[PDB]
Every structure is written in C-alpha cells, then in structure tokens.
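Below: one structure, written as structure tokens.
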Amino acid sequence: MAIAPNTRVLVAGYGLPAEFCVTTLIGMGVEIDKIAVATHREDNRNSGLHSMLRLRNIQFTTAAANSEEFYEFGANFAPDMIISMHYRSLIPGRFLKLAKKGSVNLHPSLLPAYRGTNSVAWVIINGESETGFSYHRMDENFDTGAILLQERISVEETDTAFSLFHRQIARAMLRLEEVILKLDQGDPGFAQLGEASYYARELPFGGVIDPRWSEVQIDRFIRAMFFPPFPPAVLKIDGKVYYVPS
Amino acid sequence: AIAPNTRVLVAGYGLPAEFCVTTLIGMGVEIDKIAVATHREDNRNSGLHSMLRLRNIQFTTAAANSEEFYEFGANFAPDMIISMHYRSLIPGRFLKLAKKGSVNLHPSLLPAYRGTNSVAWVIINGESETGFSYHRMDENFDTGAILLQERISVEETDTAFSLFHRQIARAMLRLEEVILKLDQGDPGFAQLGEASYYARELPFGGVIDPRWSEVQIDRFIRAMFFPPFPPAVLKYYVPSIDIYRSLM
Ligand SMILES: Nc1nc2c(ncn2[C@@H]2O[C@H](COP(=O)(O)OP(=O)(O)O)[C@@H](O)[C@H]2O)c(=O)[nH]1
Ligand SMILES: Nc1nc2c(ncn2[C@@H]2O[C@H](COP(=O)(O)OP(=O)(O)O)[C@@H](O)[C@H]2O)c(=O)[nH]1
Ligand SMILES: Nc1nc2c(ncn2[C@@H]2O[C@H](CO)[C@@H](O)[C@H]2O)c(=O)[nH]1
C-alpha cells in the first residue's frame, strides 16, 4: 500500500519520464532529502527535470555514469533503490550494488524482444501489431535483468515512431507507482522468458529507403522514421537526396 | 481512437501540460493539429517550453485577456480546448472557438474547494479525502460540468507537497480517458454539493497558534510544507511536528 518510511530513492533519469518519476515519488510521501537524482546535462529535453531539481533543492549530479564522481554521488546518498527512467548511459554494476533493494529500468518493448535501442522504430519497421514496455531490474548489461512488470501496447497502422514513443511514455507512467511498490516490497521479478532479438545502435538503414523494399515495407519505414524535428526518411533518386513527405 | 484531424489547443502550464501534449501525440494527434497557450518560461514551465521549441509546436505566451491570445486561438481553430494548470481566466469568447468545448483540471472534488491552495486547505481542514475534477469550463472559474472525478485519500503523513504531487500524478493517468470524453461529446454532470472557496492568501500568515490542538498544529505544519517555501512559523521555523514538540 505505502512505501516504507525513510526509503531513500535515487533516480537515474532524463526528461519527462524522470520529472514524472520524481513527482510520483513525492506523491508517495518520499521525503525530499531521501530523493537523489542522477541525470545528464541540461539540454532541450532535460530542462523540465533540471528546473524541478533546482526549484525543489533536490540533490543531483550530471557526472558521467563511468565517472568516480557518479559513484561517489551514489555512495554518499546510500540509496535503498535505484530507478532508471530514460537514463542514457550504462550504469556500472558497482553503482547498482549500492541499492540493497536493487533497481528498475523502463524499456520500451516486451523484453526479451527488441533489446537494443530504437525499439519503437524497429517495432514499426517489422510490422508489429503489438509491442509493450518492460519495467525490469538492472544487471550489468543493458536490457537483460528480471522483469518486474510488462504490459502490452497495441501498434496501429497509423503509428509513427513519434506517436508510439510518446504513447510508451504515457502508458508506462500508469504502472510506475505499482512498480516502485514492487521494489519496496522486494519482489524478485522473473527471469526474462522467450526468444531475444537485437537491433543496432544507429538509425535504421541510415534513414535511407531501399528501393528494393515492398510498398508495405516502405510505408512502415516512412512512419518509423517520422520523429520531429529529425529529418524524415530519405529517398535517393539519380544519386540525389529527397526527404519524403510522410 | 480520437477522431482524425481533431484539432487540440492546450492552455496550460508545467508538467501537466507537457504530459498532456505527450498524451495527445501518443493518441495520434499530429503537431500542426496541436497548439499551446501558456505563460512565460519559468522554473515550473521550462519543460513545456523546451518541448514546444524542440518539436516546433505553435504556441503563445500572450495574456489570456489580450487580443493576441484570442487571435492565436481563432487562427488555430480548435475543436477542443484542454486547460492543464493554466493560471488565468480564459475569456468566454475564446472558449466559444472550440466546437466540442473545453476541459479543465481542478485539484479538488468540485464544487468543494474552489479557488486556489486547494491542497493546503484540504490538509488544514482535516479532510481525509480530496480528489480531482476534470470539468468543462464556462466563463467563471471552477463552475462548469464534471466529466470525471477521482478520489484521493489524504493520509496523516501527507504534506501540501506530497498531495500536490500525487494530484498531478493521478490526474495525468485519467487524462487520455478525459480527452476521449470531450472527443465523443460527453456533456458531463452538473455540480452538486456545498460550494467552498479559498483564496490566494497564506492561511494564518504561516504562523502556528499554540492554542490549537496537537492535531490542528500537525495539520498546519504539514499544509505549510512545500519546498522551497518557508515552513510554518512558531512564536521559529517548524517543518515537522517533531520539531514543534522540541521547541515546546
Ligand atoms: N528520424 C530520426 N529519428 C530519430 C533519430 N534519433 C532518434 N530518433 C527516434 O527517437 C526515438 C528515441 O530516441 P532516443 O531518445 O535517443 O532513444 P534510444 O536511442 O532508443 O535510447 C528512437 O526510437 C527513434 O525512433 C534521428 O536521428 N532521426
Ligand atoms: N508554504 C508555502 N506554500 C505555498 C506558497 N505558495 C504556494 N504554496 C503551495 O503550492 C501549491 C500550489 O501553488 P500554485 O501553483 O500557485 O496553485 P494555486 O492553488 O492554483 O495558486 C499551493 O496549494 C500551496 O500548497 C507559500 O508562499 N508558502
Ligand atoms: N537500452 C539499451 N541502450 C543501449 C544499448 N546499446 C547502447 N545503448 C545506449 O545508447 C547510446 C547511443 O546513442 C549509448 O550511450 C548507450 O548508453 C542497448 O543494447 N540497450
């Protein structure tokens, strides 16, 4: 029902999912001096977070995940639990070991499907009618730890990377409190089950339409590349670049 | 699914508005079918401003009563207006623009706790429950028809701070549903019960009366707790009931 009083929570996070997470923790009655945040520099997605951390005087670091300052920041805070909410770096194992209740990260697929990055794009490229999000404990690798909560999200024929990425955030937030409680209560989760799949760091197909693709493949790709303000899918014709309308 | 080519103007401020925009995008509302009316970029509103700049969403920060504001709405031609912690009265003629009307998020169970400082006043008054009301706007503050209400338990450990933040959190999770009610033309249910209204004014100027019972003092301390603002004062600074007892 309620979080253990004096639970100390460290949020490794970036942007709106993180602002929402700190909001939620405060709503759960976690004291202000029992919240610590690790994040990245203030850019045009992290401005909401930063302003909140300054406004509420929430201790935070922007130091790199592999830096000694980051480890110190965690060590001095002594978290019971760590919540990764769109943090953008590999979190060292020795940092995760600081939280005796362990940790959780939000990943935008049904793990072990769509390990890697750009999951939302690839889901659409492969023509998935269904995807999901996975709140999972973190181990030393990305995308591999035990599942605390997974929920299905249906993929529509009109979805873009853009629409799906934002619905992922919105829907995942619904379950965040239950997840924070699962962590409070020591829920071990379950080992990720099923066949994995993996998709490389960089932008799918370099953003470039393959002319050999079927129309269905092209429609999917166009939508998967739609993500303002980034350029749309590129079609090359007579060795020359053209942005698609979408 | 929200009707295609539905045009949505969000009047709002801070995370609730950023989260609204996020939600509309996730629902399939395209950038050029979203417009934002907000206030200046400040320490609560730079999340929203950053998103507007990054995604090239048209917006205004012109005052609610200004011709500029009106013109931004008229020119966009909203099907619906969503007010997400917008801090000004929106003129009737602006609301008129939206054919499917409007909705506003108020953090009480209306008509109870109209006005401002709802979360603080709920705690002082010893309420055990409060909640939020998503309600159609008319030309007055806090009076229009109810689309959706949800109850929030007020715990003995709750501060204005915790309760302010839980309000936002829990309201955000009902928002998609509310957007669908507006879309589908749900007229809502007019407001019934005793109205209450509370002002801008800091209750008792933040100073603890030692004639109050411990139960009252505790509530007041909790209701005054909102970082980074100063806590309750005793005749000095008193953030917890523990600290009160010590001073006594
Ligand atoms: N068209 C385009 N889309 C992008 C680009 N970078 C990111 N995206 C989209 O934005 C989504 C989120 O990107 P990011 O926040 O970097 O997530 P991560 O790389 O998956 O951890 C990705 O799934 C892509 O769909 C880009 O350079 N071009
Ligand atoms: N202690 C203290 N709390 C404040 C002060 N101003 C605002 N707050 C708290 O912040 C909450 C939200 O303030 P605001 O965003 O202005 O909402 P409003 O109720 O619509 O005016 C209020 O309900 C108060 O609990 C202040 O000067 N001192
Ligand atoms: N979730 C996830 N993130 C990754 C993976 N590989 C690289 N990244 C992150 O993506 C970034 C590349 O822009 C790197 O800094 C990593 O932090 C992966 O397999 N899974």
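Going through the structure tokens in order, the chains are called A, B, and so on, while each chain numbers its residues from 1 and the ligands are numbered from 1 in the order shown.
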Per residue of chain A within 7 Å of chain B, note the shortest atom pair and the distance in Å to one decimal, counting only C-alpha atoms, and order the rows by chain and increasing residue number, as a Markdown table.
```
| residue | atom | partner | partner_atom | distance |
| --- | --- | --- | --- | --- |
| A:23 | CA | B:165 | CA | 5.4 |
| A:24 | CA | B:169 | CA | 5.9 |
| A:26 | CA | B:162 | CA | 5.1 |
| A:27 | CA | B:166 | CA | 3.9 |
| A:28 | CA | B:162 | CA | 6.8 |
| A:29 | CA | B:162 | CA | 5.5 |
| A:44 | CA | B:50 | CA | 5.3 |
| A:45 | CA | B:50 | CA | 6.5 |
| A:47 | CA | B:47 | CA | 5.4 |
| A:48 | CA | B:47 | CA | 3.5 |
| A:51 | CA | B:43 | CA | 5.2 |
| A:52 | CA | B:44 | CA | 6.8 |
| A:55 | CA | B:43 | CA | 6.6 |
| A:56 | CA | B:227 | CA | 5.5 |
| A:163 | CA | B:26 | CA | 4.4 |
| A:164 | CA | B:26 | CA | 5.9 |
| A:166 | CA | B:26 | CA | 4.7 |
| A:167 | CA | B:26 | CA | 3.9 |
| A:170 | CA | B:23 | CA | 6.0 |
| A:174 | CA | B:173 | CA | 5.8 |
| A:228 | CA | B:55 | CA | 5.7 |
| A:229 | CA | B:55 | CA | 5.5 |
```
Taking only C-alpha atoms and all ligand atoms into account, which residues have an atom no farther than 10 Å from ligand 1? I'd like them as a CSV table (one decimal) with N, CA and C atoms, in the first residue's frame.
```csv
chain,number,residue,atom,x,y,z
A,14,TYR,N,16.2,11.1,-17.2
A,14,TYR,CA,16.3,12.1,-18.2
A,14,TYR,C,15.0,12.5,-18.6
A,15,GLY,N,14.7,13.8,-18.7
A,15,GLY,CA,13.5,14.3,-19.3
A,15,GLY,C,12.2,14.1,-18.5
A,45,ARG,N,15.6,18.5,-23.8
A,45,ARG,CA,14.6,17.5,-23.3
A,45,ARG,C,14.7,17.4,-21.8
A,86,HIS,N,14.6,6.5,-18.3
A,86,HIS,CA,15.2,7.1,-19.5
A,86,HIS,C,16.6,7.6,-19.4
A,87,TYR,N,17.4,7.1,-18.4
A,87,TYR,CA,18.8,7.4,-18.3
A,87,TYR,C,19.5,6.9,-19.5
A,88,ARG,N,20.6,7.5,-20.0
A,88,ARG,CA,21.0,7.2,-21.3
A,88,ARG,C,22.4,6.6,-21.4
A,89,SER,N,22.9,6.1,-20.3
A,89,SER,CA,24.2,5.5,-20.1
A,89,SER,C,24.1,4.2,-19.4
A,107,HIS,N,12.0,0.0,-20.2
A,107,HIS,CA,12.5,-0.3,-21.5
A,107,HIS,C,11.3,-0.4,-22.4
A,108,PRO,N,11.3,0.3,-23.6
A,108,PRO,CA,10.1,0.4,-24.5
A,108,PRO,C,9.9,-0.8,-25.4
A,115,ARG,N,15.7,-6.0,-27.7
A,115,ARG,CA,16.8,-5.5,-26.9
A,115,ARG,C,17.5,-4.5,-27.8
A,116,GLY,N,18.3,-3.6,-27.2
A,116,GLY,CA,18.9,-2.5,-28.0
A,116,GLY,C,18.2,-1.2,-27.9
A,117,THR,N,18.5,-0.4,-28.9
A,117,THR,CA,18.0,1.0,-29.0
A,117,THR,C,17.0,1.0,-30.2
A,118,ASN,N,16.3,2.2,-30.3
A,118,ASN,CA,15.4,2.4,-31.4
A,118,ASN,C,14.2,1.4,-31.5
A,119,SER,N,13.9,0.8,-30.3
A,119,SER,CA,12.9,-0.2,-30.3
A,119,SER,C,11.6,0.2,-31.0
A,120,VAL,N,11.1,1.4,-30.7
A,120,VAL,CA,9.9,1.9,-31.2
A,120,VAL,C,10.0,2.0,-32.8
A,121,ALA,N,11.1,2.4,-33.3
A,121,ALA,CA,11.2,2.4,-34.8
A,121,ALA,C,11.2,1.0,-35.3
A,122,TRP,N,12.0,0.1,-34.7
A,122,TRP,CA,12.1,-1.3,-35.3
A,122,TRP,C,10.8,-2.0,-35.2
A,123,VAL,N,10.0,-1.9,-34.1
A,123,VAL,CA,8.7,-2.5,-34.0
A,123,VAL,C,7.8,-2.1,-35.2
A,124,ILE,N,7.7,-0.9,-35.5
A,124,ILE,CA,7.0,-0.4,-36.7
A,124,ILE,C,7.7,-0.9,-38.0
A,160,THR,N,3.5,6.4,-35.9
A,160,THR,CA,4.8,6.7,-36.3
A,160,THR,C,5.7,6.4,-35.2
A,161,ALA,N,7.0,6.4,-35.4
A,161,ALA,CA,8.0,6.4,-34.2
A,161,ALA,C,7.5,7.4,-33.2
A,162,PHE,N,7.1,8.5,-33.6
A,162,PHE,CA,6.8,9.7,-32.8
A,162,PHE,C,5.6,9.4,-32.0
A,163,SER,N,4.5,9.0,-32.6
A,163,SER,CA,3.3,8.7,-31.8
A,163,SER,C,3.6,7.5,-30.8
A,164,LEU,N,4.2,6.5,-31.3
A,164,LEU,CA,4.4,5.3,-30.4
A,164,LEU,C,5.3,5.6,-29.2
A,165,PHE,N,6.4,6.4,-29.5
A,165,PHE,CA,7.3,6.7,-28.4
A,165,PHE,C,6.7,7.5,-27.3
A,166,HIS,N,5.8,8.4,-27.7
A,166,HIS,CA,5.0,9.2,-26.7
A,166,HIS,C,4.0,8.3,-26.0
A,200,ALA,N,20.7,-2.7,-33.8
A,200,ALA,CA,22.0,-2.0,-33.5
A,200,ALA,C,21.8,-0.5,-33.2
A,201,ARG,N,22.9,0.1,-32.6
A,201,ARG,CA,22.8,1.4,-32.0
A,201,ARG,C,22.2,2.5,-32.9
A,202,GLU,N,22.6,2.5,-34.2
A,202,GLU,CA,22.4,3.6,-35.1
A,202,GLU,C,21.0,3.6,-35.7
A,203,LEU,N,20.7,4.7,-36.5
A,203,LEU,CA,19.4,4.8,-37.1
A,203,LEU,C,19.2,3.7,-38.1
A,204,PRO,N,18.0,3.1,-38.1
A,204,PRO,CA,17.7,2.1,-39.1
A,204,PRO,C,17.9,2.4,-40.5
A,206,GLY,N,20.4,3.7,-42.0
A,206,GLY,CA,20.8,5.1,-42.1
A,206,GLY,C,19.8,6.1,-42.4
A,207,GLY,N,18.5,5.8,-42.1
A,207,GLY,CA,17.4,6.7,-42.6
A,207,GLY,C,17.0,6.6,-44.1
A,222,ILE,N,8.8,4.7,-43.5
A,222,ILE,CA,8.5,6.1,-43.5
A,222,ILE,C,8.0,6.5,-42.1
A,223,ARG,N,7.0,5.8,-41.7
A,223,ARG,CA,6.4,6.0,-40.4
A,223,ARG,C,7.3,5.9,-39.2
A,224,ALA,N,8.2,4.9,-39.4
A,224,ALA,CA,9.2,4.6,-38.4
A,224,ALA,C,10.2,5.7,-38.3
A,225,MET,N,10.5,6.3,-39.4
A,225,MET,CA,11.4,7.5,-39.4
A,225,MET,C,10.8,8.8,-39.0
A,226,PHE,N,9.5,8.9,-38.9
A,226,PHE,CA,8.8,10.1,-38.6
A,226,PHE,C,9.0,10.5,-37.1
A,227,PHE,N,9.7,11.5,-36.8
A,227,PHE,CA,10.0,11.9,-35.5
A,227,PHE,C,10.6,13.3,-35.4
A,228,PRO,N,9.7,14.3,-35.4
A,228,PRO,CA,10.1,15.7,-35.4
A,228,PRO,C,11.0,16.1,-34.2
A,229,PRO,N,12.0,17.0,-34.4
A,229,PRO,CA,12.2,17.7,-35.6
A,229,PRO,C,13.3,17.0,-36.5
A,230,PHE,N,13.5,15.7,-36.4
A,230,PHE,CA,14.5,15.0,-37.2
A,230,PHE,C,14.1,14.8,-38.6
A,231,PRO,N,15.1,14.8,-39.5
A,231,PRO,CA,14.6,14.6,-40.9
A,231,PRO,C,13.8,13.3,-41.1
A,232,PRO,N,12.9,13.3,-42.1
A,232,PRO,CA,12.1,12.1,-42.4
A,232,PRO,C,13.0,11.1,-43.1
A,233,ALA,N,12.4,10.0,-43.5
A,233,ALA,CA,13.0,9.0,-44.4
A,233,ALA,C,13.5,9.8,-45.6
A,234,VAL,N,14.7,9.4,-46.1
A,234,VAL,CA,15.3,9.8,-47.3
A,234,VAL,C,15.1,8.8,-48.5
```
Practice task
Step by step, measure atom-to-atom distances between ligand 2 and each residue using only C-alpha atoms and all ligand atoms, keep those at most 7 Å, then write them as a PyMOL selection string.
Solution key: chain B and resi 87+115-120+160-161+164+200+202+223-226+229-232
Exercise for the section: DSSP on the backbone, then: every residue of range 5-246 of chain B marked helix (DSSP H, G or I), written as an NGL selection string. Expected result: :B and (15-26 or 31-33 or 46-55 or 67-76 or 92-95 or 118-124 or 160-172 or 175-183 or 203-206 or 214-224 or 241-246)
With C-alpha atoms kept, could you save the residues just selected as an mmCIF file, in the first residue's frame?
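What follows is the written file out39.cif:
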```cif
data_model
loop_
_atom_site.group_PDB
_atom_site.id
_atom_site.type_symbol
_atom_site.label_atom_id
_atom_site.label_comp_id
_atom_site.auth_asym_id
_atom_site.auth_seq_id
_atom_site.Cartn_x
_atom_site.Cartn_y
_atom_site.Cartn_z
ATOM 1 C CA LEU B 15 4.392 19.173 -16.389
ATOM 2 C CA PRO B 16 0.660 18.613 -16.609
ATOM 3 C CA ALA B 17 0.689 20.445 -19.974
ATOM 4 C CA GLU B 18 3.866 18.725 -21.173
ATOM 5 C CA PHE B 19 2.281 15.448 -20.224
ATOM 6 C CA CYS B 20 -0.936 16.453 -21.970
ATOM 7 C CA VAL B 21 0.967 17.155 -25.182
ATOM 8 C CA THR B 22 2.829 13.872 -24.809
ATOM 9 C CA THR B 23 -0.526 12.130 -24.413
ATOM 10 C CA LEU B 24 -2.065 13.807 -27.476
ATOM 11 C CA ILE B 25 0.946 12.803 -29.535
ATOM 12 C CA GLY B 26 0.637 9.240 -28.282
ATOM 13 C CA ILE B 31 1.993 18.512 -34.492
ATOM 14 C CA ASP B 32 0.171 21.003 -36.722
ATOM 15 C CA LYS B 33 -3.140 19.940 -35.037
ATOM 16 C CA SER B 46 10.670 25.215 -18.968
ATOM 17 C CA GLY B 47 9.854 21.528 -19.573
ATOM 18 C CA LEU B 48 6.818 22.654 -21.577
ATOM 19 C CA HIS B 49 8.677 25.499 -23.361
ATOM 20 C CA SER B 50 11.502 23.167 -24.292
ATOM 21 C CA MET B 51 9.142 20.683 -25.829
ATOM 22 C CA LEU B 52 7.367 23.408 -27.804
ATOM 23 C CA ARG B 53 10.686 24.664 -29.172
ATOM 24 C CA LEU B 54 12.072 21.205 -29.928
ATOM 25 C CA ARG B 55 9.010 19.884 -31.712
ATOM 26 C CA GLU B 67 -6.164 40.331 -28.486
ATOM 27 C CA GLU B 68 -3.022 38.398 -29.312
ATOM 28 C CA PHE B 69 -4.256 35.417 -27.243
ATOM 29 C CA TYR B 70 -7.682 35.490 -28.825
ATOM 30 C CA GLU B 71 -6.091 35.704 -32.213
ATOM 31 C CA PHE B 72 -3.841 32.717 -31.592
ATOM 32 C CA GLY B 73 -6.895 30.634 -30.729
ATOM 33 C CA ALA B 74 -9.093 31.993 -33.574
ATOM 34 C CA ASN B 75 -6.383 31.438 -36.110
ATOM 35 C CA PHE B 76 -5.702 27.835 -34.947
ATOM 36 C CA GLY B 92 -15.764 33.165 -22.836
ATOM 37 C CA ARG B 93 -15.147 34.248 -26.439
ATOM 38 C CA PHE B 94 -12.018 32.143 -26.554
ATOM 39 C CA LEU B 95 -13.797 29.030 -25.238
ATOM 40 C CA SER B 118 -6.749 23.536 -2.511
ATOM 41 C CA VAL B 119 -4.198 21.001 -1.359
ATOM 42 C CA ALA B 120 -3.055 23.178 1.564
ATOM 43 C CA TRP B 121 -6.602 23.995 2.676
ATOM 44 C CA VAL B 122 -7.712 20.313 2.433
ATOM 45 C CA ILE B 123 -4.919 19.409 4.861
ATOM 46 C CA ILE B 124 -5.534 22.267 7.317
ATOM 47 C CA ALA B 160 0.800 20.055 0.784
ATOM 48 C CA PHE B 161 3.885 18.937 -1.133
ATOM 49 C CA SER B 162 3.123 15.270 -1.327
ATOM 50 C CA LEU B 163 -0.514 15.932 -2.035
ATOM 51 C CA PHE B 164 0.168 18.500 -4.702
ATOM 52 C CA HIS B 165 2.363 15.980 -6.493
ATOM 53 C CA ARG B 166 0.084 12.977 -6.076
ATOM 54 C CA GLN B 167 -2.755 15.133 -7.540
ATOM 55 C CA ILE B 168 -0.816 15.782 -10.652
ATOM 56 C CA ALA B 169 0.362 12.170 -10.981
ATOM 57 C CA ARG B 170 -3.028 10.551 -10.557
ATOM 58 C CA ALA B 171 -4.773 13.134 -12.747
ATOM 59 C CA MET B 172 -2.323 12.518 -15.608
ATOM 60 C CA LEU B 175 -6.303 12.227 -18.961
ATOM 61 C CA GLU B 176 -6.483 10.101 -22.078
ATOM 62 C CA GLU B 177 -9.913 8.917 -20.924
ATOM 63 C CA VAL B 178 -10.976 12.575 -20.476
ATOM 64 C CA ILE B 179 -9.718 13.544 -23.901
ATOM 65 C CA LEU B 180 -11.865 10.723 -25.319
ATOM 66 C CA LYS B 181 -14.929 12.068 -23.382
ATOM 67 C CA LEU B 182 -14.522 15.505 -24.936
ATOM 68 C CA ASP B 183 -13.975 13.965 -28.315
ATOM 69 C CA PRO B 203 -3.610 30.599 5.879
ATOM 70 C CA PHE B 204 -2.853 32.448 9.173
ATOM 71 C CA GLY B 205 0.259 34.032 7.568
ATOM 72 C CA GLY B 206 2.057 30.734 8.200
ATOM 73 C CA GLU B 214 -1.758 18.933 18.501
ATOM 74 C CA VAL B 215 -3.944 17.513 15.700
ATOM 75 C CA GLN B 216 -4.535 21.002 14.313
ATOM 76 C CA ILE B 217 -0.857 22.061 14.672
ATOM 77 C CA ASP B 218 0.283 18.917 12.921
ATOM 78 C CA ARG B 219 -2.100 19.570 10.002
ATOM 79 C CA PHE B 220 -0.969 23.125 9.710
ATOM 80 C CA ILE B 221 2.700 22.195 9.727
ATOM 81 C CA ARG B 222 2.077 19.587 7.028
ATOM 82 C CA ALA B 223 -0.029 22.018 4.968
ATOM 83 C CA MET B 224 2.724 24.639 5.128
ATOM 84 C CA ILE B 241 5.525 18.079 14.213
ATOM 85 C CA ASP B 242 8.696 16.507 15.876
ATOM 86 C CA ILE B 243 10.487 19.835 15.706
ATOM 87 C CA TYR B 244 7.327 21.563 17.188
ATOM 88 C CA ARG B 245 7.373 19.359 20.276
ATOM 89 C CA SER B 246 11.054 20.003 20.869
#
```
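Take the candidates A:61, A:192, A:158, A:141 and check each one against ligand 3 using only C-alpha atoms and all ligand atoms; the shortest distance goes to A:141.
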